[PDB]
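Encoded as structure tokens, the following chain is the form deposited in one PDB entry, with no partner shown.
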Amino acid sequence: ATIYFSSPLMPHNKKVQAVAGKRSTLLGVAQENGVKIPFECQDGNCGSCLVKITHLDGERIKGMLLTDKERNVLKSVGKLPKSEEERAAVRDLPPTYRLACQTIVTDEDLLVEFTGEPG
């Protein structure tokens, strides 16, 4: 799994190859590789490890695989919730906010952005 770390405190992005599987947190992978993601708590409530994750691999919008044509057919019958109509219509590849200490790294490739501030 390839992870690209990015942050205003790093003049260069860091490309990291992380072995999928063996028990690892996105924050753990970062600190092995010298990416300073703020880490102030052991209980996972401080929020300082907040990262903005873009999924480079896999599904564009995770867990929603419908074609544009299947989604419009279900709208002529009223069969798509309104909340899933808005999600699928995003033009930009949507980012997900996570806490790195709570995020377990899998085979997928990721772009991981963080401000660098302990906040």
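All residue numbers refer to positions in the sequence shown, first residue = 1. Residues that one form lacks are left out of the comparison. We call the rigid core the largest set of C-alpha positions that still match within 1.5 Å between the two forms.
The same protein has a further form, the form deposited in another entry, not shown here; the description that follows concerns it.
Engineer: Taking the rigid core as the superposition reference, indicate whether the CA of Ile53 shifts 2 angstroms or more between this form and the one not shown.
Structural biologist: No, shifts by less than 2 Å.
Engineer: Can a Cα shift of no less than 2 Å be assigned to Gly28 between this form and the one not shown, given superposition on the rigid core?
Structural biologist: No; that C-alpha moves by less than 2 Å between this form and the one not shown.
Engineer: So the Cα-Cα distance between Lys62 and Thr96 shifts by 3 Å or more in that other deposited form; is it shorter or longer than what we see here?
Structural biologist: Between the C-alphas of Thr96 and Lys62, the gap widens in that other deposited form (3 Å or more compared with this form).
Engineer: If the CA atoms of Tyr97 and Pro38 move by 3 Å or more in that other deposited form, do they move toward each other or away, so closer or farther than here?
Structural biologist: Compared with the shown chain, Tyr97-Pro38 is farther in that other deposited form.
Engineer: Superposing on the core, what residue ranges of at least 3 consecutive positions move by 2 angstroms or more in Cα between this form and the one not shown?
Structural biologist: These are the shifted runs between this form and the one not shown: 36-40, 58-81, 91-94, 115-117.
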